[PDB]
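Undergrad: Handing you a structure now.
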Amino acid sequence: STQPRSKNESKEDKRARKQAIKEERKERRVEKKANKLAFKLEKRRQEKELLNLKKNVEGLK
Amino acid sequence: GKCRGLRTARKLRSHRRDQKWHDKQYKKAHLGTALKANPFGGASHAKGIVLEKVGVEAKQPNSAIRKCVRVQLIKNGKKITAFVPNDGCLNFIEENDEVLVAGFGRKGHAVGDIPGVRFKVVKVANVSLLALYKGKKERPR
Amino acid sequence: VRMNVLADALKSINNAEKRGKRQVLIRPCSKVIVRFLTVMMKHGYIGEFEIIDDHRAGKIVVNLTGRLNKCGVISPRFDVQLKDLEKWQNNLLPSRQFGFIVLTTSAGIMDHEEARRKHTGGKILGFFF
Amino acid sequence: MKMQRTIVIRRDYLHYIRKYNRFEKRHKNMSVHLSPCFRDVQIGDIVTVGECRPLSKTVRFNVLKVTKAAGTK
Amino acid sequence: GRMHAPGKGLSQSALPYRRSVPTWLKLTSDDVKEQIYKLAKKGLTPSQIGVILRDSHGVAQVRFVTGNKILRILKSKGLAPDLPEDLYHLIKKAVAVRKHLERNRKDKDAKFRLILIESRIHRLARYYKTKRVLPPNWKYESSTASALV
RNA sequence: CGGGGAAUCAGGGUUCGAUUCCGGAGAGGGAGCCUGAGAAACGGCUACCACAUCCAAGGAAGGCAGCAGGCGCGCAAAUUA
RNA sequence: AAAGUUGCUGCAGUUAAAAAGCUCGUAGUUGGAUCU
RNA sequence: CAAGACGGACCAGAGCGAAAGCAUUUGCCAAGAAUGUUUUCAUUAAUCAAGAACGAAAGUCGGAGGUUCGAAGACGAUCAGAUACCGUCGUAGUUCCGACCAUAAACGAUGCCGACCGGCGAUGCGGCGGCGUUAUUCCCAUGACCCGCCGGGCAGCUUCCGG
RNA sequence: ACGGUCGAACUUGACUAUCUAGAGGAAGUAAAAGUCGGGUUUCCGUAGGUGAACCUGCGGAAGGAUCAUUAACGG
């Protein structure tokens, strides 16, 4: 929640806002870790394909 | 500084062998991984069956086409590429021909203008490329 | 900390001999240092020295003559057999004409020539030329 | 000294390495039979033993005479 | 160079070459021994006895006059303490620092200096067990530390 | 397979030693035996496991990491005198 | 073998590859004179 | 009036700490180097695999608090193509307490202990020896300066010691 | 023939490891000229912004080009 806090908010509201931000950050970190592992796996298999291109299926006849 | 005691022999030999493992030649010789990744399997020459003829482009500052031959080895089944050395010697190689193949000389390293080729053809159909090139022998088929 | 006081003595006299000084103060003093200095003195490499006597480990003041090029100690004190002494004097000495591997045998602290003469082997201490 | 009528001694020695011209400290453990006439034997005292026929699977020597430790009375 | 500090101090005593008793000192060996005995009955460490003898009675070195050092005189008579001087002092220092640490939990500097103190205590304990001054089964404990002092 | 040893090398060292001498191990794989002073033997026996020969279809006979030789294997190695 | 590019003899660790963020600490290694 | 924050100028190549680090006043608590000793012990030591404490900032859990700042984010300007710069607001955080992580250009890009090899005078601490000025001329010691010396440090300058 | 011992091997599940056929999935390569189209001193460690780079917040470095002034302070 992108809501600016005022001076009048007390407990059970500020605490709920803070834990909502914490849960959002936790899900965001899980998503970023998934993106990093997916990119690493795809780069590894594309490097394997480039190496297979280097070894064979490269020439004229 | 080095430990220069009288009872420090086992420390010195343990350190020497652990730092021996950090050499490139020693690790390539002794780890047993480059021996298993070597297509020849630590042999001087191998014998294969010709699959295809390839025109490999030369590395950039020299512009030419090298006539190589893609073969499949008999004893392990690996596919390798061997450069046919002289001019007009490619016409002696045919598909599904038995070839004796040796390396270039840099022991597993790509040599000179040809990228990704470790090997060169020595004999074609149980006669040498040199005798065919010089017209000393005829090849059967 | 301080170990092998003969190394300290030889390093001090070598540093002062290279600097062109006439006298060296070395501390502490031990008997093996005195025997080494006596061996060098009998071949005329250093000259007269005084043992200043404290009730502690003493001190030595040696007089210098410019006849010494390098004085050196070998650590650790390896076991030198009589057959292996030729390799040692090939490694350390600058020539077959001069230089001295000081070594201690059961007959005493002596040179390599005296060890050859008396047919005894010992532990290596130094060299000087 | 924890078996029934048998003890474990150790032999320390120096092993020479010729490439480095140096030594390394090695030890070997020996299970030796101790006769009941040698009582009040403490841990860490010198013993001289003599070779005999095999008495068990590992016991081969026999305690001949024991000299006490250096520090103790 | 100190063993737990990076300082390299040079401050120490320097005896003269003369081991002989000075002429002005009109004290015999038995009188010096009796003074040591009465200081021990008063209750002092041997270093404090030596300081009192040097400052007040003019006895420079007791082993130059009597021929024997203070702790050997106390041990031969039988008034030496059970645990030695420096070990007792280090254990008392450890007890004081530990009491401060149970007062103040967040004192990291006190914890580090306590670790250094116990390292010194263990070193002295090993040395005294090697020389058969302490029994081999003697052990310092954090819980059993204040009771020994 | 381990030594004697071999190649290289100022000195130190590094690498190799399947191979005619010595010792060990095994006769396709394990196992159990008979005889004999000596064998857990295989150019001795009894099995199971894996290959395999003669068949008249019931049965019998197997063991070349011995000397020649053959196949296969491989870059790689001799005469059925 | 050259390779003092495995350094025991006999290498290196400011800037070229490199010293642990820091201290304690068991095993290991080394350990001051001094006795004809 | 209140709220949390921060301890400027003095603040220096000055000091302390194993390092990260440490700057309002006072009191308490337990430590520490150095110096001085004609004190005591008498080798008790050095470096240290295993192991153990501390460890900037940022970050994560449970509590409190939110002054400033502020990543993200929201707008506003600016353009053949701008989606970084700039301005306003502002979330986590920045603060404190108790648990976690053990990472920095965590730098002297220079292991620790010990010895020797040129010189100089500034500074911090301690000690020693002193003519003098000062506490409105101080009646004695004591503090501040001034002149040398010694020990341990933070540093500097100079040198064809040699590398 | 009973029993015992040595015991090859056989059968059943688990852990594996190897040899060897495979419908399909995702790719790449050769053959299609086929269709439409300006900013930044150099960095380090963490966190965010779409993974990385990059930018920013915080804390660190120089591996970043020191000009000018500075003897009185007593009445």
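A note on labels: chains of the structure tokens are A, B, ... as shown, every chain counts residues from 1, and ligands are counted from 1 in their shown order.
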So that I can check the secondary structure, give me every residue of chain D assigned strand (DSSP E or B) by backbone DSSP, as a ChimeraX atom specification.

TA: /D:3,6-17,22-33,46-51,61-67

Undergrad: Would you put the residues from that selection into a file with N, CA, C and O atoms, as a compact mmCIF listing (two decimals), in the first residue's frame?

TA:
```
# COMPACT_ATOMS: atom_id res chain seq x y z
N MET D 3 42.06 -53.21 29.23
CA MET D 3 41.69 -54.60 29.01
C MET D 3 41.95 -55.41 30.27
O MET D 3 42.63 -54.97 31.20
N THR D 6 45.90 -56.86 29.99
CA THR D 6 46.58 -56.43 28.77
C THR D 6 46.58 -54.91 28.72
O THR D 6 45.61 -54.28 29.16
N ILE D 7 47.66 -54.31 28.20
CA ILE D 7 47.77 -52.86 28.11
C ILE D 7 48.13 -52.46 26.69
O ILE D 7 48.53 -53.28 25.87
N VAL D 8 47.95 -51.17 26.39
CA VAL D 8 48.32 -50.56 25.12
C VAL D 8 49.46 -49.59 25.38
O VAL D 8 49.32 -48.65 26.18
N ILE D 9 50.58 -49.82 24.70
CA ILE D 9 51.71 -48.91 24.70
C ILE D 9 51.84 -48.30 23.31
O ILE D 9 51.26 -48.78 22.34
N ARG D 10 52.60 -47.21 23.22
CA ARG D 10 52.87 -46.61 21.92
C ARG D 10 54.37 -46.48 21.74
O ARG D 10 55.12 -46.32 22.70
N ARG D 11 54.81 -46.61 20.49
CA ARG D 11 56.20 -46.39 20.12
C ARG D 11 56.26 -45.19 19.19
O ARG D 11 55.67 -45.22 18.10
N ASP D 12 56.95 -44.14 19.62
CA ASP D 12 57.21 -42.96 18.81
C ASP D 12 58.55 -43.11 18.12
O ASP D 12 59.49 -43.65 18.71
N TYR D 13 58.64 -42.64 16.88
CA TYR D 13 59.88 -42.67 16.14
C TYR D 13 59.86 -41.59 15.07
O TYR D 13 58.82 -40.97 14.81
N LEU D 14 61.02 -41.35 14.48
CA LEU D 14 61.18 -40.37 13.42
C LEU D 14 61.41 -41.11 12.11
O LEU D 14 62.24 -42.01 12.05
N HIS D 15 60.66 -40.73 11.08
CA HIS D 15 60.79 -41.33 9.77
C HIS D 15 61.43 -40.34 8.81
O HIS D 15 60.99 -39.18 8.73
N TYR D 16 62.45 -40.78 8.09
CA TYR D 16 63.28 -39.90 7.28
C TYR D 16 62.71 -39.78 5.87
O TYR D 16 62.34 -40.79 5.25
N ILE D 17 62.65 -38.55 5.37
CA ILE D 17 62.25 -38.25 4.00
C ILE D 17 63.47 -37.70 3.29
O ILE D 17 64.06 -36.70 3.73
N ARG D 22 64.59 -34.54 5.74
CA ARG D 22 64.03 -34.19 7.04
C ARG D 22 63.34 -35.40 7.66
O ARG D 22 63.47 -36.53 7.18
N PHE D 23 62.61 -35.16 8.74
CA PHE D 23 61.97 -36.23 9.49
C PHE D 23 60.51 -35.90 9.73
O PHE D 23 60.08 -34.75 9.62
N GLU D 24 59.74 -36.93 10.04
CA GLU D 24 58.36 -36.76 10.47
C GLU D 24 58.11 -37.66 11.67
O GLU D 24 58.64 -38.77 11.74
N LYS D 25 57.33 -37.17 12.62
CA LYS D 25 57.06 -37.90 13.85
C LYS D 25 55.92 -38.89 13.60
O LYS D 25 54.81 -38.49 13.23
N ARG D 26 56.19 -40.18 13.78
CA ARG D 26 55.18 -41.21 13.61
C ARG D 26 55.13 -42.08 14.86
O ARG D 26 56.07 -42.10 15.66
N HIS D 27 54.01 -42.78 15.03
CA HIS D 27 53.81 -43.63 16.18
C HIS D 27 53.10 -44.91 15.75
O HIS D 27 52.43 -44.95 14.72
N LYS D 28 53.27 -45.95 16.56
CA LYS D 28 52.55 -47.20 16.35
C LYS D 28 52.11 -47.75 17.70
O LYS D 28 52.88 -47.74 18.66
N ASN D 29 50.87 -48.23 17.77
CA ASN D 29 50.30 -48.72 19.01
C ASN D 29 50.42 -50.24 19.08
O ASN D 29 50.16 -50.94 18.10
N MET D 30 50.80 -50.74 20.26
CA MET D 30 51.02 -52.16 20.47
C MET D 30 50.26 -52.62 21.70
O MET D 30 50.34 -51.99 22.76
N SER D 31 49.52 -53.71 21.56
CA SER D 31 48.82 -54.32 22.68
C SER D 31 49.70 -55.43 23.26
O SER D 31 49.94 -56.44 22.59
N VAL D 32 50.17 -55.24 24.49
CA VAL D 32 51.14 -56.13 25.11
C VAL D 32 50.55 -56.67 26.41
O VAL D 32 49.87 -55.94 27.15
N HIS D 33 50.76 -57.96 26.65
CA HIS D 33 50.26 -58.62 27.85
C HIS D 33 51.05 -58.14 29.07
O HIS D 33 52.28 -58.07 29.03
N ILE D 46 57.75 -45.91 31.37
CA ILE D 46 58.49 -46.65 30.34
C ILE D 46 58.41 -48.14 30.65
O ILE D 46 58.47 -48.55 31.82
N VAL D 47 58.23 -48.95 29.62
CA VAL D 47 58.20 -50.40 29.77
C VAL D 47 59.09 -51.01 28.70
O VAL D 47 59.14 -50.52 27.56
N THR D 48 59.87 -52.02 29.07
CA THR D 48 60.63 -52.81 28.12
C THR D 48 59.97 -54.18 28.02
O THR D 48 59.75 -54.85 29.05
N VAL D 49 59.66 -54.58 26.79
CA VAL D 49 58.90 -55.79 26.49
C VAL D 49 59.72 -56.66 25.55
O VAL D 49 60.64 -56.20 24.87
N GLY D 50 59.39 -57.94 25.54
CA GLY D 50 60.09 -58.90 24.70
C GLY D 50 59.13 -59.68 23.83
O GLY D 50 58.01 -59.97 24.23
N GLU D 51 59.60 -60.02 22.63
CA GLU D 51 58.77 -60.73 21.67
C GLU D 51 58.51 -62.16 22.13
O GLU D 51 59.37 -62.80 22.74
N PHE D 61 53.74 -59.42 22.11
CA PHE D 61 54.86 -59.20 23.01
C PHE D 61 54.42 -59.46 24.45
O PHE D 61 53.26 -59.75 24.73
N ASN D 62 55.38 -59.36 25.36
CA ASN D 62 55.12 -59.63 26.77
C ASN D 62 55.95 -58.65 27.60
O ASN D 62 57.13 -58.44 27.30
N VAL D 63 55.33 -58.07 28.63
CA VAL D 63 56.01 -57.07 29.44
C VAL D 63 57.12 -57.72 30.25
O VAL D 63 56.88 -58.67 31.01
N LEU D 64 58.34 -57.22 30.08
CA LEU D 64 59.50 -57.75 30.78
C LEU D 64 59.85 -56.97 32.04
O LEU D 64 59.94 -57.57 33.11
N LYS D 65 60.05 -55.66 31.94
CA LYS D 65 60.21 -54.87 33.16
C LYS D 65 59.80 -53.43 32.91
O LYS D 65 59.99 -52.90 31.82
N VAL D 66 59.26 -52.79 33.95
CA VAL D 66 58.70 -51.45 33.87
C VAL D 66 59.51 -50.50 34.74
O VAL D 66 59.90 -50.85 35.86
N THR D 67 59.83 -49.33 34.20
CA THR D 67 60.45 -48.24 34.94
C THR D 67 59.46 -47.08 35.01
O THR D 67 58.81 -46.75 34.00
```

Undergrad: Could you work out which residues of chain H fall inside 7 Å of chain A? Count only C-alpha atoms (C1' of nucleotides), and format the result as JSON, numbers by chain.

TA: {"H": [73, 90, 91]}

Undergrad: Within 9 Å of residue E:148, counting only C-alpha atoms (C1' of nucleotides), which residues qualify if same-chain residues fewer than 5 places away don't, as a list in words?

TA: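 Near residue E:148, the qualifying residues are residues 83, 88, 91 and 92 of chain E.
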
Undergrad: Could you write out as a PDB file with N, CA and C atoms, in the first residue's frame the residues of chain E within 10 Å of chain D, counting only C-alpha atoms?

TA:
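Full text of result_39.pdb as output:
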```
ATOM      1  N   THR E 130      52.715 -29.146  34.581  1.00  0.00           N
ATOM      2  CA  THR E 130      53.915 -29.765  34.022  1.00  0.00           C
ATOM      3  C   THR E 130      55.020 -29.878  35.069  1.00  0.00           C
ATOM      4  N   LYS E 131      55.196 -28.840  35.884  1.00  0.00           N
ATOM      5  CA  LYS E 131      56.226 -28.809  36.915  1.00  0.00           C
ATOM      6  C   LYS E 131      55.804 -29.510  38.202  1.00  0.00           C
ATOM      7  N   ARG E 132      54.630 -30.152  38.207  1.00  0.00           N
ATOM      8  CA  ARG E 132      54.071 -30.854  39.371  1.00  0.00           C
ATOM      9  C   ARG E 132      53.913 -29.931  40.577  1.00  0.00           C
TER      10      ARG E 132
END
```

Undergrad: Please provide as a short mmCIF file (atom, residue, chain, number, x, y, z; two decimals) with C-alpha atoms, in the first residue's frame all residues within 12 Å of residue B:60, with the sequence filter that same-chain residues fewer than 2 positions apart are discarded (counting only C-alpha atoms (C1' of nucleotides)).

TA:
```cif
data_model
loop_
_atom_site.label_atom_id
_atom_site.label_comp_id
_atom_site.auth_asym_id
_atom_site.auth_seq_id
_atom_site.Cartn_x
_atom_site.Cartn_y
_atom_site.Cartn_z
CA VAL B 56 35.50 -25.09 -42.30
CA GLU B 57 35.98 -21.34 -42.58
CA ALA B 58 39.40 -20.03 -41.59
CA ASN B 62 43.29 -15.35 -43.00
CA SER B 63 40.42 -15.82 -45.46
CA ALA B 64 40.23 -19.36 -46.89
CA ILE B 65 38.25 -22.61 -46.65
CA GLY B 112 46.53 -22.51 -36.40
CA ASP B 113 43.91 -21.30 -38.83
CA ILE B 114 41.39 -24.11 -38.31
CA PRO B 115 38.93 -23.51 -35.44
#
```
